[PDB]
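*Asks:* protein39.cif is the file, holding mmCIF, C-alpha atoms:
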```cif
data_upload
#
loop_
_atom_site.label_atom_id
_atom_site.label_comp_id
_atom_site.auth_asym_id
_atom_site.auth_seq_id
_atom_site.Cartn_x
_atom_site.Cartn_y
_atom_site.Cartn_z
CA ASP E 1 -7.77 -11.97 -23.13
CA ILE E 2 -4.47 -13.33 -24.46
CA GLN E 3 -3.68 -16.60 -22.68
CA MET E 4 -0.04 -17.15 -21.72
CA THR E 5 1.02 -20.75 -21.07
CA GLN E 6 4.36 -21.73 -19.54
CA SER E 7 5.91 -25.19 -19.50
CA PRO E 8 6.94 -26.88 -17.41
CA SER E 9 4.96 -25.80 -14.34
CA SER E 10 7.76 -27.00 -12.03
CA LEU E 11 11.36 -27.98 -12.57
CA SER E 12 14.14 -29.72 -10.62
CA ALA E 13 17.74 -28.82 -11.39
CA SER E 14 21.26 -28.68 -9.96
CA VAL E 15 23.73 -25.82 -9.61
CA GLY E 16 25.45 -25.47 -12.97
CA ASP E 17 22.61 -26.98 -15.01
CA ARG E 18 21.21 -25.40 -18.16
CA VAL E 19 17.54 -24.52 -17.60
CA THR E 20 15.11 -23.39 -20.30
CA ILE E 21 11.54 -22.21 -19.69
CA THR E 22 8.99 -21.86 -22.50
CA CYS E 23 6.16 -19.32 -22.76
CA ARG E 24 3.44 -19.62 -25.42
CA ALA E 25 0.87 -16.95 -26.29
CA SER E 26 -2.58 -17.77 -27.67
CA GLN E 27 -1.96 -15.17 -30.39
CA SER E 28 1.01 -13.27 -31.77
CA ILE E 29 2.34 -10.62 -29.37
CA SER E 30 5.39 -9.54 -31.42
CA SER E 31 8.16 -8.91 -28.83
CA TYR E 32 5.94 -7.52 -26.04
CA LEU E 33 6.98 -10.32 -23.68
CA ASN E 34 8.75 -9.78 -20.35
CA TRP E 35 10.25 -12.20 -17.81
CA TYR E 36 10.13 -11.89 -14.02
CA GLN E 37 11.76 -13.76 -11.15
CA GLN E 38 10.06 -14.06 -7.77
CA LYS E 39 11.20 -15.79 -4.63
CA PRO E 40 8.71 -16.72 -1.87
CA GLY E 41 7.67 -13.67 0.13
CA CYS E 42 9.55 -11.32 -2.21
CA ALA E 43 8.40 -8.82 -4.79
CA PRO E 44 8.97 -9.84 -8.42
CA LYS E 45 12.18 -8.79 -10.16
CA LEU E 46 12.42 -7.87 -13.84
CA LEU E 47 14.85 -10.08 -15.77
CA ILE E 48 14.14 -9.69 -19.51
CA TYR E 49 12.08 -7.16 -21.44
CA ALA E 50 11.21 -6.88 -25.13
CA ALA E 51 11.58 -10.69 -25.37
CA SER E 52 15.39 -10.66 -25.33
CA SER E 53 16.79 -7.49 -23.71
CA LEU E 54 18.57 -8.14 -20.42
CA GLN E 55 17.56 -5.78 -17.62
CA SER E 56 20.40 -3.71 -16.17
CA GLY E 57 21.99 -5.59 -13.28
CA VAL E 58 20.85 -9.10 -14.26
CA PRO E 59 23.66 -11.63 -14.87
CA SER E 60 24.44 -12.66 -18.44
CA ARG E 61 23.59 -16.31 -17.77
CA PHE E 62 19.98 -15.13 -18.21
CA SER E 63 18.83 -14.79 -21.81
CA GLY E 64 15.57 -14.66 -23.71
CA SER E 65 14.56 -15.50 -27.26
CA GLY E 66 11.50 -15.74 -29.45
CA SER E 67 8.85 -13.64 -31.15
CA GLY E 68 5.21 -13.92 -32.08
CA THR E 69 3.75 -16.75 -30.01
CA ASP E 70 6.66 -18.84 -28.66
CA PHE E 71 9.28 -17.49 -26.24
CA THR E 72 12.04 -19.13 -24.19
CA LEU E 73 13.94 -17.99 -21.11
CA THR E 74 17.35 -19.60 -20.64
CA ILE E 75 19.60 -19.76 -17.59
CA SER E 76 22.85 -21.09 -19.03
CA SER E 77 24.42 -22.05 -15.68
CA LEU E 78 22.00 -22.24 -12.76
CA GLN E 79 23.41 -20.62 -9.62
CA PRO E 80 22.41 -21.06 -5.94
CA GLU E 81 20.55 -17.73 -5.97
CA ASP E 82 18.52 -18.62 -9.09
CA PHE E 83 16.16 -21.07 -7.36
CA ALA E 84 12.81 -19.29 -7.63
CA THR E 85 9.63 -19.07 -9.73
CA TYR E 86 9.74 -17.46 -13.17
CA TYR E 87 6.86 -15.71 -14.94
CA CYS E 88 6.40 -14.41 -18.45
CA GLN E 89 4.03 -11.53 -19.15
CA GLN E 90 2.62 -10.07 -22.35
CA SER E 91 2.36 -6.29 -22.67
CA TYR E 92 0.85 -6.45 -26.18
CA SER E 93 -2.85 -6.09 -25.35
CA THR E 94 -4.92 -5.29 -22.28
CA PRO E 95 -5.70 -7.04 -20.06
CA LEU E 96 -1.99 -7.68 -19.57
CA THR E 97 -1.63 -11.36 -18.74
CA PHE E 98 1.00 -13.39 -16.88
CA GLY E 99 1.95 -16.97 -17.46
CA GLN E 100 1.15 -19.34 -14.63
CA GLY E 101 4.80 -19.46 -13.56
CA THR E 102 7.54 -22.09 -13.52
CA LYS E 103 9.09 -23.09 -10.20
CA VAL E 104 12.78 -24.02 -10.35
CA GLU E 105 13.56 -26.21 -7.33
CA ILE E 106 16.61 -27.80 -5.71
CA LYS E 107 17.54 -31.46 -6.25
CA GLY E 111 23.31 -29.58 -2.62
CA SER E 112 22.96 -25.81 -2.91
CA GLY E 113 22.87 -22.71 -0.75
CA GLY E 114 22.09 -19.04 -1.33
CA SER E 115 22.50 -15.98 0.86
CA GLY E 116 18.73 -15.43 0.96
CA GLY E 117 17.72 -11.87 0.16
CA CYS E 118 14.71 -10.37 -1.56
CA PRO E 119 15.07 -7.70 -4.25
CA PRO E 120 14.98 -4.13 -2.94
CA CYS E 121 11.40 -2.87 -2.75
CA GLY E 122 9.38 -0.19 -1.09
CA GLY E 123 11.04 2.79 0.52
CA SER E 124 13.87 0.69 1.97
CA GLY E 125 15.50 0.04 -1.42
CA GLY E 126 17.50 2.53 -3.46
CA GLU E 127 17.07 4.80 -6.45
CA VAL E 128 13.28 4.43 -6.62
CA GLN E 129 10.99 4.07 -3.60
CA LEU E 130 7.37 2.84 -3.54
CA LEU E 131 5.82 2.80 -0.05
CA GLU E 132 2.68 0.65 0.17
CA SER E 133 -0.05 0.87 2.81
CA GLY E 134 -3.74 0.16 3.31
CA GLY E 135 -4.03 -3.64 3.42
CA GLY E 136 -5.86 -5.60 6.08
CA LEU E 137 -8.91 -7.72 6.83
CA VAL E 138 -12.37 -7.01 5.42
CA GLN E 139 -15.55 -9.03 5.15
CA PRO E 140 -17.17 -9.97 1.83
CA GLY E 141 -18.86 -6.98 0.22
CA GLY E 142 -16.58 -4.53 2.03
CA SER E 143 -14.07 -2.00 0.78
CA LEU E 144 -10.39 -1.16 1.12
CA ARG E 145 -8.09 1.54 -0.25
CA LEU E 146 -4.44 0.86 -1.08
CA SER E 147 -1.82 3.61 -1.35
CA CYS E 148 1.57 3.69 -3.07
CA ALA E 149 3.73 6.73 -2.27
CA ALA E 150 6.52 7.16 -4.83
CA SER E 151 9.85 8.97 -4.69
CA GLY E 152 13.15 9.08 -6.54
CA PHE E 153 11.77 9.65 -10.05
CA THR E 154 9.47 11.97 -11.99
CA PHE E 155 6.17 10.34 -11.02
CA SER E 156 4.08 11.84 -13.83
CA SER E 157 6.44 10.49 -16.51
CA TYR E 158 5.64 6.84 -15.73
CA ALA E 159 2.58 4.65 -15.96
CA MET E 160 1.82 2.63 -12.84
CA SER E 161 0.28 -0.78 -12.23
CA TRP E 162 -1.34 -2.89 -9.53
CA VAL E 163 -0.51 -6.61 -9.54
CA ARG E 164 -1.87 -9.13 -7.04
CA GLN E 165 -0.95 -12.66 -5.97
CA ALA E 166 -3.34 -14.95 -4.13
CA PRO E 167 -1.62 -17.09 -1.45
CA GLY E 168 0.42 -19.82 -3.12
CA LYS E 169 -0.68 -18.87 -6.64
CA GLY E 170 0.65 -16.80 -9.53
CA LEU E 171 0.91 -13.12 -10.35
CA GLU E 172 -2.29 -11.52 -11.67
CA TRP E 173 -2.44 -8.11 -13.34
CA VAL E 174 -5.13 -5.90 -11.79
CA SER E 175 -4.99 -2.40 -13.27
CA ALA E 176 -2.80 0.24 -14.89
CA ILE E 177 -2.88 4.02 -15.25
CA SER E 178 -1.03 6.33 -17.62
CA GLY E 179 1.46 8.89 -16.34
CA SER E 180 -1.02 11.76 -16.62
CA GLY E 181 -3.91 9.66 -15.32
CA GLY E 182 -5.86 10.12 -18.55
CA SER E 183 -6.03 6.41 -19.43
CA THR E 184 -6.90 3.53 -17.10
CA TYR E 185 -7.15 -0.21 -17.73
CA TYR E 186 -8.61 -3.05 -15.68
CA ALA E 187 -8.67 -6.81 -15.54
CA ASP E 188 -12.06 -8.29 -16.41
CA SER E 189 -12.58 -9.59 -12.87
CA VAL E 190 -12.34 -6.14 -11.22
CA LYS E 191 -14.21 -3.83 -13.62
CA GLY E 192 -16.98 -1.88 -11.92
CA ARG E 193 -15.53 -2.65 -8.47
CA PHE E 194 -11.98 -1.21 -8.40
CA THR E 195 -10.70 2.24 -9.36
CA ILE E 196 -7.07 3.13 -10.00
CA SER E 197 -6.12 6.78 -9.61
CA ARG E 198 -3.11 8.97 -8.93
CA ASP E 199 -2.41 12.32 -7.27
CA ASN E 200 0.51 13.76 -9.23
CA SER E 201 0.80 16.69 -6.82
CA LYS E 202 1.42 14.26 -3.93
CA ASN E 203 3.19 11.56 -6.02
CA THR E 204 0.84 8.82 -4.84
CA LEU E 205 -0.89 5.91 -6.57
CA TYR E 206 -4.23 4.62 -5.30
CA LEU E 207 -6.44 1.56 -5.71
CA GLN E 208 -9.93 1.98 -4.26
CA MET E 209 -11.75 -1.35 -3.97
CA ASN E 210 -15.39 -2.03 -3.13
CA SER E 211 -17.64 -5.11 -3.27
CA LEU E 212 -14.64 -7.22 -2.30
CA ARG E 213 -15.00 -10.98 -2.76
CA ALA E 214 -13.09 -13.84 -1.17
CA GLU E 215 -11.37 -14.36 -4.54
CA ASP E 216 -9.79 -10.91 -4.09
CA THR E 217 -7.66 -12.10 -1.16
CA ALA E 218 -4.06 -11.60 -2.30
CA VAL E 219 -0.85 -9.69 -1.76
CA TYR E 220 -1.20 -6.50 -3.80
CA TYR E 221 1.86 -4.89 -5.41
CA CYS E 222 2.24 -1.47 -6.96
CA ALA E 223 4.75 -1.40 -9.79
CA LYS E 224 6.29 1.32 -11.95
CA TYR E 225 6.59 0.97 -15.72
CA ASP E 226 9.72 1.78 -17.70
CA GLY E 227 10.60 2.20 -21.35
CA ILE E 228 8.16 1.38 -24.14
CA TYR E 229 7.73 -2.42 -23.92
CA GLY E 230 5.49 -2.54 -20.85
CA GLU E 231 8.10 -3.80 -18.39
CA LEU E 232 7.74 -3.14 -14.65
CA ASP E 233 11.22 -2.40 -13.32
CA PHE E 234 10.43 -1.49 -9.69
CA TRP E 235 7.88 -2.99 -7.31
CA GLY E 236 6.48 -2.32 -3.89
CA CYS E 237 7.05 -4.92 -1.22
CA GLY E 238 3.38 -5.94 -1.27
CA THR E 239 0.50 -5.56 1.16
CA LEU E 240 -1.84 -8.38 2.16
CA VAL E 241 -5.60 -8.00 1.59
CA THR E 242 -7.77 -10.70 3.19
CA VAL E 243 -11.51 -11.01 2.48
CA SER E 244 -13.36 -13.58 4.59
CA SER E 245 -16.18 -13.83 7.14
#
```
Any chance you could put this one into structure tokens?

*Replies:*
Amino acid sequence: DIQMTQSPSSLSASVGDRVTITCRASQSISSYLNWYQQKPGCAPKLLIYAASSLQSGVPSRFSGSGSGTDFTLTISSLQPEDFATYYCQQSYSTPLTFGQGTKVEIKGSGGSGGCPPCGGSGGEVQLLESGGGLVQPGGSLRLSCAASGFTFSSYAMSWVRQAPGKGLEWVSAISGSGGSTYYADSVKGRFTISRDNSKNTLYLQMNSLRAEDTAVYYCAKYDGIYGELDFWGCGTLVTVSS
């Protein structure tokens, strides 16, 4: 496990400020470092991939730098819509690991709201999630992710979860053909990722669920060669308790 550490954990700033967020890796990861923005109740949004490449559609005030072990995300002029939490993620070695996140807070500002397009009610790509709900400890649950708008078998897919009020956690990934699968340490022997390329659907079958598995679960589609996830499902809540 490569440990990603962000600093600071939280941050107060004003519209127009220069904000910089640092991400440190416990070993060299070359440029396999990606940056995500997430607002409360929204799916994450890809900002930077390959350490410094700006994702199509992201304003130029966002920039990334660094290689090896130390990386920095810069917002040159903070805007009302930029108040959110920011995560780095290494795609150098499995298990893929996120930083703990940096919350950028207000302290005279106002945004239009809005979450990034997700699910089937976005555009271009669609990823319809279903299957969440309530289960008791030891039980099971199957999540589905129906894809459309792209050649499903040409893209690896991922499951990422987020416990209430905590950070993004990588769960599992599967290659485009389904021939290779990868799992976080905490879910091996209990979860199974799979895909039906004839039906264009991604699955996560879970059993022996624990209370620590309670989270919002996202399916996400990979893109390119640097392990970035450019489109996400809206999330489905899985609750494990008595």

*Asks:* Any chance you could resolve the PyMOL selection byres ((chain E and resi 121) around 10) against this file and give the residues as a list in words?

*Replies:*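 Going through the file, the PyMOL selection byres ((chain E and resi 121) around 10) ends up selecting residues 42, 43, 44, 45, 118, 119, 120, 122, 123, 124, 125, 126, 128, 129, 130, 131, 132, 223, 234, 235, 236, 237 and 238 of chain E.
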
*Asks:* Need the shell around region 137-150 of chain E: protein/DNA/RNA residues with any atom at most 8 Å away, counting only C-alpha atoms. Skip same-chain ones fewer than 4 positions apart. Format as a list in words?

*Replies:*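 Here the qualifying residues turn out to be residues 128, 129, 130, 131, 132, 133, 155, 203, 204, 205, 206, 207, 208, 209, 210, 211, 212, 213, 214, 222, 236, 241, 242, 243, 244 and 245 of chain E.
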
*Asks:* Would you kindly translate the PyMOL selection byres ((chain E and resi 135) around 6) into the concrete residues it picks from this file, as a list in words?

*Replies:*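 Residues picked by the PyMOL selection byres ((chain E and resi 135) around 6): residues 134, 136, 239, 240 and 241 of chain E.
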
*Asks:* For those residues, write C-alpha atoms to a file as an mmCIF file, keeping the file's coordinate frame.

*Replies:*
```cif
data_model
loop_
_atom_site.group_PDB
_atom_site.id
_atom_site.type_symbol
_atom_site.label_atom_id
_atom_site.label_comp_id
_atom_site.auth_asym_id
_atom_site.auth_seq_id
_atom_site.Cartn_x
_atom_site.Cartn_y
_atom_site.Cartn_z
ATOM 1 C CA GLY E 134 -3.740 0.160 3.310
ATOM 2 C CA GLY E 136 -5.860 -5.600 6.080
ATOM 3 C CA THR E 239 0.500 -5.560 1.160
ATOM 4 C CA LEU E 240 -1.840 -8.380 2.160
ATOM 5 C CA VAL E 241 -5.600 -8.000 1.590
#
```

*Asks:* Write out as number ranges by chain each polymer residue whose atoms come within 8 Å of region 56-61 of chain E, counting all atoms listed in the file; drop sequence neighbours fewer than 6 positions from it.

*Replies:* E: 47, 74-78

*Asks:* Given the file shown, determine the residues that the PyMOL selection byres ((chain E and resi 46) around 7) selects; report them as a ChimeraX atom specification.

*Replies:* /E:35-37,44-45,47-48,55,232-233

*Asks:* For residue 97 (chain E), which residue out of E:22, E:217, E:201, E:5 is the nearest one, using all atoms listed in the file?

*Replies:*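 For residue 97 (chain E), the nearest of the candidates is E:5.
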
*Asks:* Grab the CA of residue 178 (chain E) to CA of residue 160 (chain E) distance for me, in Å with one decimal place.

*Replies:* 6.7 Å

*Asks:* One decimal, Å: what's the distance from CA of residue 184 (chain E) over to CA of residue 102 (chain E), could you say?

*Replies:*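 Separation between CA of residue 184 (chain E) and CA of residue 102 (chain E): 29.6 Å.
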